[PDB]
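Below is one structure, written out as structure tokens; comments come after it.
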Amino acid sequence: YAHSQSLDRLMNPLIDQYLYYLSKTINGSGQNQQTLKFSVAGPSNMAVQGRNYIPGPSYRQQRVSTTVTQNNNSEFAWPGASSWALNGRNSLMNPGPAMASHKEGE
Amino acid sequence: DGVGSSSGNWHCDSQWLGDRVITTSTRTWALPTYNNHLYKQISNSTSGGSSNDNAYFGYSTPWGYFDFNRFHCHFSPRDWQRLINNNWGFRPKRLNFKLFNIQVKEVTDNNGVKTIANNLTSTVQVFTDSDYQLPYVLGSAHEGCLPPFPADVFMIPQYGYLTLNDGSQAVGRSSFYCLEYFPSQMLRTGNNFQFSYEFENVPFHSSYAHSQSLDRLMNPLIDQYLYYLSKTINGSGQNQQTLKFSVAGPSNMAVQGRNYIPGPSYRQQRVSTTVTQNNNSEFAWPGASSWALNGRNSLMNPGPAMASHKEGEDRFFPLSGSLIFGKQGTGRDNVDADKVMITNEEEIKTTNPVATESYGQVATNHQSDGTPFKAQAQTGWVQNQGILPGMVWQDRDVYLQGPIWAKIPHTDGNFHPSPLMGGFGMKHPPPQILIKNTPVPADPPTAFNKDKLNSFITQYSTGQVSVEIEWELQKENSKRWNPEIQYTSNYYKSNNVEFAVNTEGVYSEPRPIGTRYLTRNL
Amino acid sequence: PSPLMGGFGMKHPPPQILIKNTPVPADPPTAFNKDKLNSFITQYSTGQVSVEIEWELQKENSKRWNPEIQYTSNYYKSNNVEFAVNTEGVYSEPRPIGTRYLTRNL
């Protein structure tokens with residue numbers, strides 16, 4: 426099955442949280458303007474909302490385009506690949522940890 | 219079971235039967251008509267636009283839902299004090315929920331005069347999502363819980379949910395849920411609703427602080443039988459390389475071999491409550507730890523459970539590594555530091571690394587004399606450390622005004638699914654109880670019209686809700702000789718009693734209360 | 638511990654019976670608000686209360702020969718009957734009445 430909800434969009438989009446976040450650290454331009462301002466994390470700012478669970482582990486891979494003109498004009502299949510070493514031997518991280526292949530639209 | 223007979227009684231007290239606590243809470247609620255009985259698609263576009271990180275897509279339903287996922291919904295401050303001062307742990311065991319004394323009222327506004335009358339034949343709809351087929355919006359630290367003060371009347375929050383989005387748009391995998399597709403019990407006045415829920419097995423919450431640190435678990439009088447490399451050069455000058463070893467003992471506790479190491483870390487930016495010590499720049503968003511998901515950046519808040527600050531650095535707090543509660547009457551946007559209550563996670567510095575410090579140092583090269594660069598030993602800071610075997614840690618504390626439980630996401634894999642905001646993580650948490658006033662149409666036209674009716678009698682409902690939770694207790698049996706730290710009120714005089722009402726009848730919670738006052742060995 | 642104002646002193650006296658009208662909120666806003674409701678339908682209640690008390694008596698068995706002092710009304714004419722209502726329906730107690738009229742030896 427595929428999830429119809431994302432980990433960062435599990436909240437109620439109509440109700441604020443009772444938690445606060447640091448929203449402003451300076452009152453404005455100029456010297457000695459330091460401050461601490463806090464705001465309610467709500468529907469308008471979903472990025473800063475407190476969350477209970479976070480995305481799984483990652484092991485970054487090199488990005489290759491099926492449109493070959495967008496790729497770098499160099500040989501990077503082996504040199505640019507993620508790998509792990511075992512007893513001095515390098516082995517390709519293939520396919521490695523389960524990760525999303527690409528972003529939306531890519 | 220009629221108009222003139224009450225369908226329930228007010229039950230609000232706690233019973234301490236040894237190793238168990240049964241807390242009962244009754245409140246008076248008011249349910250309006252949400253969304254004019256309509257399901258509405260919502261998105262950041264309909265909310266006025268936003269950035270990519272804030273984009274969403276979802277629906278707002280005409281249903282309300284009952285929230286009691288906060289500890290002050292069940293524990294009075296005195297009951298909380300008893301629990302935290304006399305117990306090493308606690309966990310929920312059973313739940314009982316009651317809806318009764320339903321009153322549906324119609325509102326007519328003629329010539330600006332508002333008159334409210336009883337609608338005896340109107341019905342309120344309620345059901346529980348016992349199969350967890352709906353998006354779970356509890357466990358997101360939302361408002362709308364039962365008020366901490368039993369005398370307060372609260373409004374039931376409106377139920378909405380989010381699905382997959384591509385900007386402000388939906389994708390083919392997005393799901394639309396109609397809550398009228400569920401069987402629900404229809405209640406007139408005189409009817410009541412009741413259901414029982416059994417909490418699944420969860421570990422006891424650690425309502426204790428360790429009196430030993432992970433790096434001080436040894437006998438301070440006896441040497442180890444293990445050696446460590448203590449000297450690599452005999453002295454100043456060329457070709458002085460050597461290898462000297464010493465016994466790891468009480469004089470050098472830092473180099474002693476150890477069996478267990480501090481838990482995982484994800485470094486947070488350090489912010490001082492003394493604003494003059496902070497940098498003169500805007501770094502709330504730019505300087506914050508975050509994780510990316512499908513190209514969207516989300517704040518790491520509160521993230522892994524880590525010590526808030528080092529010893530003596532009480533003025534420092536992680537940028538988004540702690541729960542920040544608002545004081546009574548605090549506004550929504552851009553409030554001062556004195557209007558919020560920043561929770562302090564200091565009791566776990568014995569096992570968990572400090573949130574604003576590096577986990578440690580790792581070697582980054584091979585030191586050598588040649589073969593031919595003459596490289597010295599180099600180390601690099603570990604800003605984020607994942608789980609390693611032999612690592613121990615403490616979870617985040619729970620608070621009187623903090624959350625109780627969260628639903629573990631239904632995924633193939635998870636590790637230590639205890640909620641990051643604190644509480645008990647369950648695959649089958651208490652189900653969502655969804656409530657809604659049944660629409661009562663106004664007079665329809667005398668000629669048939671295929672269009673759905675859009676004129677309704679203005680209505681709202683009120684009633685009483687009772688929640689009874691039985692908690693299992695883990696009694697402390699410490700052999701510590703000296704008296705422990707306990708939560709206590711301060712005898713010094715004040716204008717108002719803490720955790721009481723002021724002269725205007727406004728109840729307030731002056732400070733956050735954790736659970737970790739008693740002491741346990743490591 | 639006999640009360641100084643007079644009466645029977647008890648460690649467990651008749652308990653306080655506390656009564657209150659359950660608040661009935663007025664129409665709440667159609668958008669959620671976290672604040673407690675402060676607009677209510679104006680209400681009051683009325684009813685009947687019945688109290689029944691059984692008192693134990695200590696009968697007098699005096700051997701005194703002469704007649705005792707008793708509380709009595711005065712036959713002399715007056716505008717109103719004592720311990721009755723006046724022409725406006727106002728009930729009044731004209732004097733305080735004690736309990737100590739009969740006689741006992743020391």
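Protein chains in written order, with the authors' numbering: chain A, 426 to 531; chain A', 219 to 589, 593 to 743; chain A'', 638 to 743. A prime marks a further copy of an entry chain.
By construction, the Cβ of each residue, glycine as well, lies at the ideal position given by its N, Cα and C atoms.
Between the CA atoms of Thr659 of chain A'' and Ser687 of chain A'' - distance to the nearest angstrom: Translated into positions along the third sequence, residue 687 of chain A'' becomes position 50. Translated into positions along the third sequence, residue 659 of chain A'' becomes position 22. When rounded, the distance between both Cα atoms is 22 Å.
Closer than 8 Å to chain A' by CB, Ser448 of chain A: Along the first sequence, read from residue 1 onward, the residue named residue 448 of chain A stands at position 23. Cβ-Cβ to chain A' under 8 Å: yes for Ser448 of chain A.
Just checking, does the segment 729-743 of chain A' make contact with the segment 610-625 of chain A' on the three C-beta pairs under 8 Å criterion? yes
Quick check on the DSSP output: the alpha helix (DSSP H) that includes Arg296 of chain A' runs from which residue to which? For the purposes of this step, residue 296 of chain A' is taken as the residue at position 78 of the second sequence. First-last of the alpha helix (DSSP H) with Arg296 of chain A': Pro295 to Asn304.
One question on the structure: do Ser278 of chain A' and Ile260 of chain A' come within less than 8 Å of each other, judged by their Cβ atoms? What you label residue 278 of chain A' is simply residue 60 of the second sequence in a count that begins at 1. What you label residue 260 of chain A' is simply residue 42 of the second sequence in a count that begins at 1. In contact: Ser278 of chain A' and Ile260 of chain A' (Cβ atoms closer than 8 Å).
What is the DSSP secondary structure of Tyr252 of chain A', reduced to helix, strand or coil? As a working note, residue 252 of chain A' is residue 34 in the second sequence. Here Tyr252 of chain A' sits in coil by DSSP.
Measure how close the beta-carbons of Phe318 of chain A' and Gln685 of chain A' come, nearest whole angstrom, since I'm counting them as under 8 Å. Residue numbering aside, residue 318 of chain A' sits at position 100 when the second sequence is read from its first letter. Residue numbering aside, residue 685 of chain A' sits at position 464 when the second sequence is read from its first letter. Correct: roughly 6 Å between the Cβ atoms.
For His428 of chain A', which three-state DSSP category applies? Position 210 of the second sequence, counted from the first residue, corresponds to residue 428 of chain A'. In this structure, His428 of chain A' counts as strand in the three-state DSSP scheme.
For the segment 642-667 of chain A'', which residues have a CB atom closer than 9 Å to at least one CB atom of chain A', in sequence order? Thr659, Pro660, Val661, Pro662, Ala663, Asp664, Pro665, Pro666 and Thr667
Anyone know if the C-beta pair for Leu249 of chain A' and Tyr681 of chain A' falls short of 8 Å? Position 31 of the second sequence, counted from the start, is the residue given in the question as residue 249 of chain A'. Position 460 of the second sequence, counted from the start, is the residue given in the question as residue 681 of chain A'. Yes, they are a contact pair.
Using a Cβ-Cβ distance cut-off of 8 Å, determine whether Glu418 of chain A' contacts chain A. The residue you call residue 418 of chain A' lines up with position 200 of the second sequence. It does not; no Cβ of chain A falls within 8 Å.
Of all the CB atoms in chain A, is at least one closer than 8 Å to the CB of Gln376 of chain A'? By 1-based counting over the second sequence, the position of residue 376 of chain A' is 158. Yes, contact with chain A.
Going by the beta-carbon positions, is the gap between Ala525 of chain A' and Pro482 of chain A' smaller than 8 Å? The sequence position of residue 525 of chain A' within the second sequence is 307, counting from 1. The sequence position of residue 482 of chain A' within the second sequence is 264, counting from 1. Cβ atoms of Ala525 of chain A' and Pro482 of chain A': not closer than 8 Å.
Counterpart residues of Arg245 of chain A' in DSSP-defined beta bridges: As a first step, residue 245 of chain A' must be located in the second sequence, where it is residue number 27. For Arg245 of chain A', which the question treats as bridged, DSSP gives the partners A':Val686.
Start and end residues, beta strand (DSSP E) containing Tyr708 of chain A': For this step, residue 708 of chain A' is matched to residue 487 along the second sequence. Careful: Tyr708 of chain A' lies outside any beta strand (DSSP E) and carries neither H nor E.
Range of the contiguous beta strand (DSSP E) that encloses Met404 of chain A': Numbered from its first residue, the second sequence carries residue 404 of chain A' at position 186. It spans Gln403 to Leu405 - the beta strand (DSSP E) in which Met404 of chain A' sits, taken as one unbroken run.
CA-CA distance, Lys657 of chain A' and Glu730 of chain A''? What you label residue 657 of chain A' is simply residue 436 of the second sequence in a count that begins at 1. What you label residue 730 of chain A'' is simply residue 93 of the third sequence in a count that begins at 1. C-alpha separation (whole angstroms): 58 Å.
Starting from the C-beta of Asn515 of chain A', find all residues in its chain whose C-beta is less than 6 Å away, skip the five residues before and the five after it, and write them out in chain order. Walking along the second sequence from the start, residue 515 of chain A' turns up at place 297. The residues are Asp271 and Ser508.
Please say whether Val489 of chain A' and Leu447 of chain A have beta carbons closer to each other than 8 Å? In the first sequence, residue 447 of chain A corresponds to position 22, counting from 1. In the second sequence, residue 489 of chain A' corresponds to position 271, counting from 1. Contact flag set, yes.
According to DSSP, is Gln495 of chain A' part of a helix, a strand, or is it coil? By one-based count along the second sequence, residue 495 of chain A' stands at place 277. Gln495 of chain A' falls in the helix class under three-state DSSP.
Per DSSP, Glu691 of chain A' forms a beta bridge with which residues? Here residue 691 of chain A' refers to the residue found at position 470 when the second sequence is read from its first residue. DSSP output for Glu691 of chain A' lists A':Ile240 and A':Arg312 as bridge partner(s).
Could you spell out the range, first to last residue, of the beta strand (DSSP E) harbouring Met559 of chain A'? On the second sequence, position 341 is the one that residue 559 of chain A' refers to. Residues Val558 to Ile560.
Could you give the residue range of the beta strand (DSSP E) that holds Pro365 of chain A'? For the purposes of this step, residue 365 of chain A' is taken as the residue at position 147 of the second sequence. From DSSP, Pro365 of chain A' is part of no beta strand (DSSP E); its letter is neither H nor E.
Check for me: the beta strand (DSSP E) holding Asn336 of chain A' runs from which residue to which? In the second sequence, the residue the question calls residue 336 of chain A' occupies position 118. Unbroken beta strand (DSSP E) run through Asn336 of chain A': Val331 to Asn336.
With a cut-off of 8 Å, does the C-beta of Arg238 of chain A' fall near any C-beta of chain A? As a first step, residue 238 of chain A' is located in the second sequence; it is residue number 20 there, counting from the start. Not closer than 8 Å to any Cβ of chain A, the Cβ of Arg238 of chain A' fails to qualify, so no.
Amino acids of chain A', ordered along the chain, whose beta-carbon sits closer than 9 Å to that of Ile678 of chain A'': Locating residue 678 of chain A'' in the third sequence gives position 41, counting from the first residue. Under the 9 Å cutoff, chain A' gives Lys323 and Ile334.
Here's the rule: buried if 16 or more other CB atoms are within 10 angstroms of the residue's CB, otherwise exposed. What is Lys567 of chain A'? Here residue 567 of chain A' is taken as the residue at index 349 of the second sequence, counted from 1. Result: buried.
Quick one: list the residues of chain A' neighbouring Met436 of chain A, beta-carbon separation under 8 Å, in chain order. Within the first sequence, the letter at position 11 stands for residue 436 of chain A. Result: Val355, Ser358, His360 and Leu380.
Proximity below 8 Å, CB of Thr246 of chain A' to CB of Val371 of chain A': The count along the second sequence starts at 1 and reaches residue 246 of chain A' at position 28. The count along the second sequence starts at 1 and reaches residue 371 of chain A' at position 153. Yes, Cβ-Cβ distance for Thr246 of chain A' and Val371 of chain A' is below 8 Å.
Sort A':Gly282, A':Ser340 and A':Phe367 by Cα distance to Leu621 of chain A' and report the nearest one. Position 400 of the second sequence, counted from the first residue, corresponds to residue 621 of chain A'. The residue with the shortest Cα to Cα distance from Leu621 of chain A' is A':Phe367.
If the cut-off is 9 Å on Cβ atoms, which residues from the segment 247-275 of chain A' count as contacting chain A'', listed in chain order? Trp247, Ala248, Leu249, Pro250, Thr251, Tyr252, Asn253 and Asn254
Using 8 Å as the limit for Cβ to Cβ distance, is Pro365 of chain A' near chain A''? The residue you call residue 365 of chain A' lines up with position 147 of the second sequence. It does; some Cβ of chain A'' falls within 8 Å.
Does the beta carbon of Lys673 of chain A'' come closer than 8 Å to any beta carbon on chain A'? In the third sequence, residue 673 of chain A'' corresponds to position 36, counting from 1. Chain A', which has a Cβ nearer than 8 Å to the Cβ of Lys673 of chain A'', makes this yes.
With a threshold of 7 Å on Cβ separation, who are the neighbours of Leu674 of chain A'' within its own chain once the five nearest residues in sequence on each side are excluded? For the purposes of this step, residue 674 of chain A'' is identified with residue 37 of the third sequence, where counting begins at 1. Hits under 7 Å: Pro662 and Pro665.
DSSP three-state assignment for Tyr484 of chain A', whether helix, strand or coil: Counting from one through the second sequence, the residue named residue 484 of chain A' turns up at place 266. It is a strand residue.
Flag this pair as touching only if the segment 629-646 of chain A' and the segment 465-481 of chain A have three or more C-beta atom pairs under 8 Å; answer yes or no. yes
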